[PDB]
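Chains as they are written, first to last, in PDB author numbering: chain B, 9 to 294; chain A, 9 to 294; chain C, 5 to 145.
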Amino acid sequence: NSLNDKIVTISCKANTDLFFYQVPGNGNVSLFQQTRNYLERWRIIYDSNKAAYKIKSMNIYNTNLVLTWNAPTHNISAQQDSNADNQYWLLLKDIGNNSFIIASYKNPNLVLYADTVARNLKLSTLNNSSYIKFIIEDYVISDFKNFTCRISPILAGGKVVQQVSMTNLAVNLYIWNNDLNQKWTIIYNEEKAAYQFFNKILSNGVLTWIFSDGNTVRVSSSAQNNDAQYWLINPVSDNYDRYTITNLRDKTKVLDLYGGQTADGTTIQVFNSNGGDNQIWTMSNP
Amino acid sequence: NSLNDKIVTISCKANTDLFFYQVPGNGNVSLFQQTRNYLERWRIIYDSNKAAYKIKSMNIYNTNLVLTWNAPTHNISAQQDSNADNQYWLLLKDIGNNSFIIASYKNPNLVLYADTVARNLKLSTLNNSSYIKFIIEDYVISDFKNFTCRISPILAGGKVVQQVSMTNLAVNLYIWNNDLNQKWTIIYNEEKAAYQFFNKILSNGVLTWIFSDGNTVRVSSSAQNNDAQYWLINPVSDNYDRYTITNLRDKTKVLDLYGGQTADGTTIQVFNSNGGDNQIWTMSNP
Amino acid sequence: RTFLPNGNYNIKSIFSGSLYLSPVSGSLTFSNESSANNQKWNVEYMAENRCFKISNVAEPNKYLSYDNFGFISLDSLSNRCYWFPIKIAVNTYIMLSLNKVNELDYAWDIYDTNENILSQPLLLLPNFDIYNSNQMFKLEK
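Listed below in structure tokens is the structure:
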């Protein structure tokens, strides 16, 4: 178990900005800059008796295709899944930094290696070089680790959660003008196991459930360990990259639109966790 | 560095009963039966710059001896700590079977290999066999995961902590007559994170504190959870090997000598942790 | 003829002249020139397998081979002791084992911390192309 059935991004330890990518027109795999798209997501399947894992690309169009060592060449591709020995991998975790050397089940003698001149994946014998070592992560943590983005309800994609201005620190909905009060930066505090939302017209101004006048919510100086600041980002897992934003202090209090209200100035509050639409949000690049 | 500076027993995955053990006369390391002994033990040292660990034997009359692949041969031995590349190792958790591949920083294509036939350590290149995979574990939980033994107070021994009779339980101190009511089987529970102390004279019967009596201690059949049952063993590092039996229900509750009376019959009780000496105890082979 | 003619050769890594292939505590490693017969390899085309076998002149009933751990070895004659050399420049070769491991070739390889091989054992590891520095070895006289 451990990472079984889990859903993941792999980036090269040798160059943090490049990730495993499944180029969509037929099967190749490239090392490619950060996307936040299924393309760079990989499902990790375990075979309890095979002793080892396989890595399946999440492309919607062509599901059930996995990461696969080609024949007696050194190349590596995305290919149809058939539990073939080429298609399995040992996930050996270095314990020093939390990296991974990923070795072929068919032939451990050699492990996979990030090219980064040709933005590409090959197999090579081992060494201390960082080209053979890799970073495996829950996609959600990888997407919202550190993410300058705009937030929008699903009931109004063209409209956006915002602080109202630099002075007036309340949080409403508004049509997207590229203004800073509308852009946020999302940061993971891993020790806390939750994320915070930093507004971009303020340094250390953070999305907060002010518990005292609550259900109201606004931006406040970050302070220390308020614990009403900090939020979990869970998808509605089967589909659509849509996330419920749940609060740390109270499990059943999530980010809320206050009736499917949709109109400029509509309040963003925090409310009892019901079915949704009201409760669902969508994060995306400015 | 997650386990860095820890004290540990490495055993072979191809033989659960075999341990990395350092041979007193000189510098051989050998695969040996379980031993509850400093020779069985190794502390792990991380190096931030080499990004890799070295493995040091706790041989008390030979300190500063560490596991060492000999230049070009196949031989793993223990050596004086030059602090050189042959003396470092990458620790690699397998995540599948949850064991480690240990690979030489010097040339990390080569990995520790268990020569079971002739009971020493060797090198081999990467492969799926269990000769290159190894169990690394807390010296204490290794020494106590399943140890049938006698317990004697730090104060002069052997007088052993026993239950009075198969017919009658309770718990007293006595001189060591070998009757199995003085023989005591201690077995670890990963889930709870603690160890129960079974009696032999009738199995299913375990050492327990009591509720509505605080000082008093006795034996009882295992029950859900049960919080009163189970214990935490903790050494007191030094030449040492003297441990501190602490109850899970209340962490300040340590196994106590009732004033450390040194004569036959004495009640064994349980107290706050100031001790130190009646509280302290050692444990050993019938 | 012309190409690897039978005889007595020295064997180095391209990573350093001034080091020669030699056996020590039963591994093969590159070491300081000793001008002795311990370092002289007798290489013999065997036309029956269109491949070459390589014996150690000072113990010439022992040939270069490999074990079921990664290492190249000195052993009495065996099909493993057969080698299929590829010349890729004056005097340099990439020694492949004649008989393939799974579907892929293996070769003599030797690790380098930084173009330094001092205490390193010669091993047998998968080959792919002619462009691996470590797989490259040079055989003279």
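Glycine included, C-beta positions come from ideal geometry on N, C-alpha and C.
Could you list the residues in the stretch 83 to 113 of chain C with a C-beta less than 9 Å from some C-beta on chain B, going in chain order? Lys104, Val105, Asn106, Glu107, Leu108, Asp109, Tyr110 and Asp113
Could you give the DSSP three-state label for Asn105/B: helix, strand or coil? As a first step, residue 105/B is located in the first sequence; it is residue number 97 there, counting from the start. In this structure, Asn105/B counts as coil in the three-state DSSP scheme.
Amino acids of chain C, ordered along the chain, whose beta-carbon sits closer than 7 Å to that of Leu210/A: Here residue 210/A refers to the residue found at position 202 of the second sequence. Going along chain C, no residue has its Cβ under 7 Å from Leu210/A, so there is no contact; the nearest lies around 51 Å.
What number of angstroms, rounded off, separates the C-alpha of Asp258/A from the C-alpha of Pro294/B? The residue given as residue 258/A occupies position 250 in the second sequence. The residue given as residue 294/B occupies position 286 in the first sequence. Near 54 Å, if we compare the C-alpha coordinates of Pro294/B and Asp258/A.
Please list, in chain order, the chain A residues whose beta carbon lies closer than 7 Å to that of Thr33/C. Against the third sequence, residue 33/C aligns to sequence position 29. Under the 7 Å cutoff, chain A gives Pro80.
What number of angstroms, rounded off, separates the C-alpha of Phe132/C from the C-alpha of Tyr110/C? As a working note, residue 132/C is residue 128 in the third sequence. As a working note, residue 110/C is residue 106 in the third sequence. Approximately 9 Å, taken between the alpha carbons.
Excluding the 5 residues flanking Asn280/A on each side, which residues of the same chain have their C-beta closer than 6 Å to its C-beta? Position 272 of the second sequence holds residue 280/A. For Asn280/A, where only same-chain residues beyond five positions count, the Cβ hits under 6 Å are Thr260.
Taking its Cβ as the centre, do 16 or more other Cβ atoms sit within 10 Å of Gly273/B, making it buried, or is it exposed? Translated into positions along the first sequence, residue 273/B becomes position 265. So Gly273/B ends up on the exposed side.
Residues near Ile63/A in its chain [Cβ-Cβ closer than 7 Å; skip 5 each side]: Working through the second sequence from its first residue, we reach residue 63/A at position 55. If we look at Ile63/A and ignore the five residues flanking it on each side, its Cβ neighbours are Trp50, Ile52, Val74, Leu75 and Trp97.
How many Å lie between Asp246/A and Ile68/A at the Cα? Sequence index remark: in the second sequence, residue 246/A carries index 238 (1-based). Sequence index remark: in the second sequence, residue 68/A carries index 60 (1-based). Distance between the alpha carbons of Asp246/A and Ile68/A is about 10 Å.
Cβ of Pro125/C within 7 Å of any chain A Cβ: For the purposes of this step, residue 125/C is taken as the residue at position 121 of the third sequence. Yes, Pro125/C counts as interfacial toward chain A.
According to DSSP, is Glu145/A helix, strand or coil? Translated into positions along the second sequence, residue 145/A becomes position 137. Reduced to three states, the DSSP call for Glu145/A is strand.
Along the chain, where does the beta strand (DSSP E) containing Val214/B start, and where does it finish? Stepping through the first sequence from its first residue, residue 214/B is reached at position 206. For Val214/B, the enclosing beta strand (DSSP E) has its first and last residue at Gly213 to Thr216.
Which two residues bound the contiguous beta strand (DSSP E) that contains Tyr182/A? Locating residue 182/A in the second sequence gives position 174, counting from the first residue. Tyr182/A -> beta strand (DSSP E) spans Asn180 to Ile183.
Please classify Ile253/A as buried or exposed, where buried requires at least 16 neighbouring CB atoms within 10 angstroms. Position 245 of the second sequence, counted from the first residue, corresponds to residue 253/A. Looking at its Cβ environment, which holds 16 or more other Cβ atoms inside 10 Å, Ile253/A is buried.
Kindly list the residues whose CB is nearer than 7 Å to the CB of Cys55/C, restricted to its own chain and excluding five residues on each side of it in sequence; keep chain order. The count along the third sequence starts at 1 and reaches residue 55/C at position 51. So the qualifying residues of the chain are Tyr86, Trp87, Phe88 and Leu102.
Where the beta strand (DSSP E) through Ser85/B begins and ends: As a first step, residue 85/B is located in the first sequence; it is residue number 77 there, counting from the start. Annotation for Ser85/B: the continuous beta strand (DSSP E) segment containing it runs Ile84 to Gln88.
I believe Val47/C touches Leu8/C by the beta-carbon criterion, under 8 Å. Please report the beta-carbon distance rounded to the nearest angstrom. Taking the first residue of the third sequence as 1, we reach residue 47/C at position 43. Taking the first residue of the third sequence as 1, we reach residue 8/C at position 4. About 7 Å; that satisfies the 8 Å criterion.
Please classify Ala86/A: is it buried, with 16 or more other beta-carbons within 10 angstroms of its beta-carbon, or exposed? Within the second sequence, numbered from 1, the residue matching residue 86/A stands at position 78. Counting Cβ neighbours within 10 Å, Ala86/A comes out buried, since at least 16 surround it.
Would you kindly work out how many angstroms separate the C-alpha atoms of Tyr61/B and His82/B, rounded to a whole number? Here residue 61/B is taken as the residue at index 53 of the first sequence, counted from 1. Here residue 82/B is taken as the residue at index 74 of the first sequence, counted from 1. Just so you know, the alpha carbons of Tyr61/B and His82/B end up roughly 20 Å apart.
Run through DSSP, which three-state label would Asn42/C get? Position 38 of the third sequence, counting from 1, holds the residue named residue 42/C. Here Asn42/C sits in helix by DSSP.
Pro125/C to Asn118/C, Cα distance in whole Å? The residue labelled residue 125/C in the question sits at position 121 within the third sequence. The residue labelled residue 118/C in the question sits at position 114 within the third sequence. For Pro125/C and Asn118/C, the gap between their C-alpha atoms comes out near 15 Å.
Could you tell me the distance, in whole angstroms, from the CA atom of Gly35/B to the CA atom of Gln95/B? Walking along the first sequence from the start, residue 35/B turns up at place 27. Walking along the first sequence from the start, residue 95/B turns up at place 87. When rounded, the distance between both Cα atoms is 14 Å.
Beta-carbon of residue 1/A versus every beta-carbon of chain C: anything under 7 Å? The requested residue 1/A does not occur in the structure, where chain A is confined to residues 9 to 294.
Note down the Cα distance separating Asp151/B from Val31/B, rounded to an integer number of angstroms. Here residue 151/B is taken as the residue at index 143 of the first sequence, counted from 1. Here residue 31/B is taken as the residue at index 23 of the first sequence, counted from 1. Approximately 19 Å, taken between the alpha carbons.
Hey, could you find the ends of the beta strand (DSSP E) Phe206/B is sitting in? By one-based count along the first sequence, residue 206/B stands at place 198. Taken as a continuous stretch (DSSP letters only), the beta strand (DSSP E) holding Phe206/B covers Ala202 to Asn207.
Separation of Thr17/B from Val227/B, as counted between CA atoms: Position 219 of the first sequence, counted from the first residue, corresponds to residue 227/B. Position 9 of the first sequence, counted from the first residue, corresponds to residue 17/B. Distance between the alpha carbons of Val227/B and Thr17/B is about 31 Å.
Return the CA-CA distance between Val172/B and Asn154/B, expressed in angstroms with no decimal places. For this step, residue 172/B is matched to residue 164 along the first sequence. For this step, residue 154/B is matched to residue 146 along the first sequence. In a straight line, the C-alpha of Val172/B is about 23 Å away from that of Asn154/B.
So with CB distances below 9 Å, who are the chain A contacts of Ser29/C? Indexing the third sequence from 1 puts residue 29/C at position 25. Against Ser29/C, the close residues of chain A are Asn78, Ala79, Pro80, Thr81, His82 and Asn83, in the order they occur along the chain (beta-carbon pairs closer than 9 Å).
Name the residues in the stretch 87 to 105 of chain B whose C-beta lies less than 9 Å from a C-beta of chain A; which are they? Against chain A - using a Cβ distance shorter than 9 Å - the residues of the stretch 87 to 105 of chain B are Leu98, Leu99, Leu100, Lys101, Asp102, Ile103, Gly104 and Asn105.
Please list the terminal residues of the continuous beta strand (DSSP E) segment that includes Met66/A. On the second sequence, residue 66/A is found 58 positions in, with the first residue counted as 1. Here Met66/A belongs to no beta strand (DSSP E), and DSSP marks it neither H nor E.
Can you name the start and end residues of the beta strand (DSSP E) that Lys66/C belongs to? As a first step, residue 66/C must be located in the third sequence, where it is residue number 62. DSSP places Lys66/C outside any beta strand (DSSP E), giving it a letter other than H or E.
Using a C-beta to C-beta distance shorter than 7 Å, which residues of chain A count as neighbours of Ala60/B? Start at 1 with the first residue of the first sequence, and residue 60/B comes out as number 52. The contacting residues are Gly104.
Nearest to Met99/C by alpha carbon, out of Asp79/C, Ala51/C, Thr6/C and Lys16/C? On the third sequence, residue 99/C is found 95 positions in, with the first residue counted as 1. The shortest Cα separation from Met99/C among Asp79/C, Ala51/C, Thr6/C and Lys16/C belongs to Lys16/C.
Rank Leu131/B, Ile241/B, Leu11/B and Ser90/B by C-alpha distance to the C-alpha of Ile84/B and give the top, closest one. If you number the first sequence from 1, residue 84/B lands on position 76. Ranking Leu131/B, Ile241/B, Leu11/B and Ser90/B by CA distance to the CA of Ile84/B puts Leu131/B first.
The stretch 108 to 134 of chain A: which residues have C-beta closer than 8 Å to a C-beta of chain C, in chain order? Residues of the stretch 108 to 134 of chain A with a Cβ closer than 8 Å to any Cβ of chain C, in chain order: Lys114, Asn115, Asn117, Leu118, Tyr121, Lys130, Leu131, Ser132 and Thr133.
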